[PDB]
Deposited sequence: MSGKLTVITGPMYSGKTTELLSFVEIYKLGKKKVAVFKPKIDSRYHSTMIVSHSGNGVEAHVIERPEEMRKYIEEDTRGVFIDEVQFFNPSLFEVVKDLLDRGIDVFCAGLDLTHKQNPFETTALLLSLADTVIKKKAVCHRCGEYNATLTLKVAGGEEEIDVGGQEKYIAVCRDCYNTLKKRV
């Protein structure tokens, strides 16, 4: 079976650079990869991935998954079932601290969860877990609460 890794955290936490880190490890090992965003194939629906996935593909990499429809749950469970490893990067929470549904569903399915931190825009510590509106900023919980 393939395994699912989900990388998550606020804006500016290094999510996409983590994602393409694994992309690099797979390419180095000479595994065939397919990379998607909402060199990546820019797609509207999760059902568009099949067209860029070959019999040969052993890794599928997905960026900004919060923006995909939740049907990506089922398409990823299917790739896993076929023995394809899947890596997904996206925001866990909105700027109002509500979950992004597609990331939540993927977090439930994940074999491995990576939570990434950012530098806090207000206090400067490497301890920021949240995204705050106004342009977007990454902040820790305490700073989020004092800023609104």
| query | finding |
| --- | --- |
| Deposited residues absent from the coordinates (by C-alpha) | 1, 40 to 58, 155 to 167, 182 to 184 |
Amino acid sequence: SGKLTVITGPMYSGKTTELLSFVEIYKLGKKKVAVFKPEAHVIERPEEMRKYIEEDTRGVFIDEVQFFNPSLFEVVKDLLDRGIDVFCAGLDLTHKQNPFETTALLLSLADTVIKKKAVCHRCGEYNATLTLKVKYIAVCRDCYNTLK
From here on, numbers count along this sequence of modelled residues.
item: Which of 94 to 102 and 42 to 50 has higher mean CA B factor, as the PDB entry lists it; value: 42 to 50
item: Stretch with the greater mean C-alpha B-factor as recorded in the entry, comparing 24 to 32 against 61 to 69; value: 24 to 32
item: Selection from 85, 81, 56, 111 [criterion: highest C-alpha temperature factor in the record]; value: 56
item: Ranked C-alpha temperature factor of residue 6 among modelled chain residues, by third; value: lowest
item: Chain-relative CA temperature factor third for residue 137; value: highest
